[PDB]
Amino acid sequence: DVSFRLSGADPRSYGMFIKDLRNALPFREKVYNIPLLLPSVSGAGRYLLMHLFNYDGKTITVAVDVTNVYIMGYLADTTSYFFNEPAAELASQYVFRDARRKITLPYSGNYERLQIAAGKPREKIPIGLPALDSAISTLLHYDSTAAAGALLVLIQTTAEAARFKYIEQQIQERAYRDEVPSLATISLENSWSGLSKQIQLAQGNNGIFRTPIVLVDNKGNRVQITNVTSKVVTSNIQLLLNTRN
């Protein structure tokens, strides 16, 4: 399992949690020095448990699919909550079995779907460590509209930070003050699958992308990624989604 405590959290402790999260995800190999997530994991081993504590010491346990860093669901006290998607229904056979009831949320974990359910796009939802304290507090007691926003904050501050060093650093900057995501943050989230595919295909194409990827850089400017010598590949991306997925 991995843990993060918002009480006494600072940029260093958040960075330690994200390092813990990345290191709990299994890989058999690296592509251009980046861990390659497994194509598949059978049974309970497919799920990682993340224990998150708000400033007040109240806790949720979040279940994460180690193939893609997707959040399946979470446990608050004696109630489990799962996204409305087949992988989450399967997860509910393995995790949070002892919960008194299991609520299926009225949406999948798809960003477009969560944004419709929250009533706001990611572009307008502040993120940061105080936002994560709020999100844990929201998820402790069911409110599906409130939960959609909380889950967009939770996914970006856990899974997306694990996938990109830049997003980790953006949340560290927001340790004590929330701010809507940077243009480069939204770009990287939207491009993880694409970048993962192009990095794996660059094995066999001399480190050249078969299809260049258009990103936003840390200054807010267009950068076109054509090959593996780019900073996005050498420093930023930390996990590759397997092209089998």
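Residue positions are given as counts along the sequence shown, with the first one as 1. So that the term is clear: the rigid core is the largest set of C-alpha atoms that superpose within 1.5 Å between two forms.
Looking at C-alpha RMS in 5 other deposited structures of this protein with the core superposed, is it 219-227 or 19-27 that drifts more? When 219-227 and 19-27 are compared in 5 other deposited structures of this protein, the bigger C-alpha shift is seen for 219-227.
On a core superposition, give the stretch, 210-218 or 44-52, with the larger average C-alpha separation from this form in 5 other deposited structures of this protein (RMS over structures and residues). The more displaced stretch in 5 other deposited structures of this protein turns out to be 210-218.
130-138 versus 109-117 - greater average Cα B-factor per the deposited record: The entry gives the higher C-alpha B-factor average to 109-117.
So which stretch wins on mean C-alpha B-factor, 189-197 or 215-223? Result of the comparison: 215-223.
Of the residues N84, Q93, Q156, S80, the one carrying the largest Cα B-factor as recorded: Going by the entry's C-alpha B-factors, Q93 comes out highest.
With respect to C-alpha B-factor, does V228 fall in the lowest, middle or highest third of the chain as deposited? Tercile = highest for this residue's CA B-factor.
In terms of the CA temperature factor given in the entry, to which third of its chain does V62 belong: lowest, middle or highest? Answer is lowest: the recorded C-alpha B-factor places it there.
How does the C-alpha B factor of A99 compare with the rest of the chain: lowest, middle or highest third? As the PDB entry reports it, the C-alpha B-factor of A99 lands in the highest third of its chain.
Chain thirds of CA B-factor: placement of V41: Ranked within chain, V41 CA B lands in the highest tercile.
Sorting the chain's CA B-factors, does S13 end up in the lowest, middle or highest third? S13: CA B-factor falls in the middle third of its chain.
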